[PDB]
Amino acid sequence: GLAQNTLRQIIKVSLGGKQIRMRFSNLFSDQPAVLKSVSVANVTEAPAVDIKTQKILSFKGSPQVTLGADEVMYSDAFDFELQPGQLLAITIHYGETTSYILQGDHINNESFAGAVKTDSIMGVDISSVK
């Protein structure tokens, strides 16, 4: 269980570009996942990020999205300073490879201090656009 919490995943991008898109797949299956808010930002150290580059994602215009079992869904296209070989952070707040869980909403939390570190949980990946 992890609903009503906030998970921040750190990934390794191998493709740079100006305009990117985010893949979302329900890895953790069974029940659906309600994504209250998603953000993408650059990584400084540890789980700490930088909001001055953070971008909040939208899904068909809506900032929230629900992902049933065996479902994949991409975010809307957003401008981002992506570089080949960079550290990327994706923070997701839910509602009823390193990864960091905090209780409650922590979309605007740089430090993520006091975070745990799990063993993934949700399939994320960068993807091209039109």
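For the sequence shown, the residue numbers in mature numbering (1 follows the signal peptide of the UniProt record, and there is no 0) are 41 to 136, 149 to 171, 175 to 185. From the three backbone atoms N, C-alpha and C, an ideal C-beta is built for every residue, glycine too.
Counting only residues of its own chain and dropping the five nearest sequence neighbours on each side, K76 has a CB closer than 7 Å to the CB of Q104, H133, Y134, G135. Going by C-alpha positions, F64 is about 6 Å away from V112. The stretch 176–185 and the stretch 84–96 do not touch, with fewer than 3 CB-CB distances between them shorter than 8 Å. Taking all protein chains shown into account, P87 has 16 or more neighbouring C-beta atoms within 10 Å of its C-beta and is therefore buried. Beta-carbon to beta-carbon, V78 and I153 are separated by about 15 Å, too far to satisfy the 8 Å threshold.
In the DSSP assignment, the residues bridged to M62 are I181. Contact between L97 and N66 is ruled out by a C-beta separation of about 16 Å, above the 8 Å threshold. Around the C-beta of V89, 16 or more other C-beta atoms lie within 10 Å, and the residue is accordingly described as buried. If you compare the alpha carbons of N45, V83, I51, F120 with that of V74, the shortest gap goes to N45.
Nearest Cα to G125 within the set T170, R48, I181, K100: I181. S115 has its alpha-carbon roughly 18 Å from the corresponding atom of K52. For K100, the three-state secondary structure derived from DSSP is coil. Selection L122, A81, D110 evaluated against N160 yields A81 as nearest (Cα-Cα).
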